[PDB]
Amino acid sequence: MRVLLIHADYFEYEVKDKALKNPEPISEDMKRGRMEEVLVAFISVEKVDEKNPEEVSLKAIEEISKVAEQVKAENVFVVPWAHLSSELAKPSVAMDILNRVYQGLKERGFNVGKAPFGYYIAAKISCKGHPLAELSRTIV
């Protein structure tokens, strides 16, 4: 799994077309979302993560939480994201891990949002420019 963490003034998204034939089902009010003062976790779930969804999930929950504590973010937003890896997991593995990660950050105490899986999504972001506002983590 590779993750890119961005500490943002805001993150907002709008779902556009489906990218999978059978993407994640969504209500009309999950087509758009917005958080402020939020750590956004762009997560690319890799093929090698199939080998251990549980351990990879737990590690990602901790890494993301560490950063959120350090930058004083109470809001965390999980984003399914193809673009940090060229060995992507199957949709079932990816969705499994992304949900685990999401539920774990909620148990940790954060206010957690997530973007639906399997869609092309337009999005707007404002990235803070402090030393810790953009970080990469590799988790395996």
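A residue's number is simply how far along the shown sequence it sits, counting from 1.
Undergrad: Decide which of the stretches 122-130 and 15-23 has the higher mean C-alpha B-factor, going by the entry.
TA: Per the deposited B-factors, the answer is 15-23.
Undergrad: Using only C-alpha atoms and the B-factors in the entry, which stretch averages higher, 65-73 or 52-60?
TA: Mean CA B-factor is higher for 52-60.
Undergrad: For the listed 39, 43, 30, 35, which has the peak Cα B-factor recorded in the PDB entry?
TA: That would be 30, according to the entry.
Undergrad: Within this chain's modelled residues, let me know which third the CA B factor of residue 99 belongs to: lowest, middle or highest.
TA: Its C-alpha B-factor belongs to the lowest third of this chain's values.
Undergrad: Ordered by C-alpha B-factor within the chain, which third holds residue 3? Give me lowest, middle or highest, please.
TA: Lowest third.
Undergrad: Ordered by C-alpha B-factor within the chain, which third holds residue 105? Give me lowest, middle or highest, please.
TA: Lowest third.
Undergrad: For residue 79, return the chain-relative third of its C-alpha B-factor as stated in the PDB record: lowest, middle or highest.
TA: Its C-alpha B-factor, which the entry lists for residue 79, ranks in the lowest third among residues of this chain.
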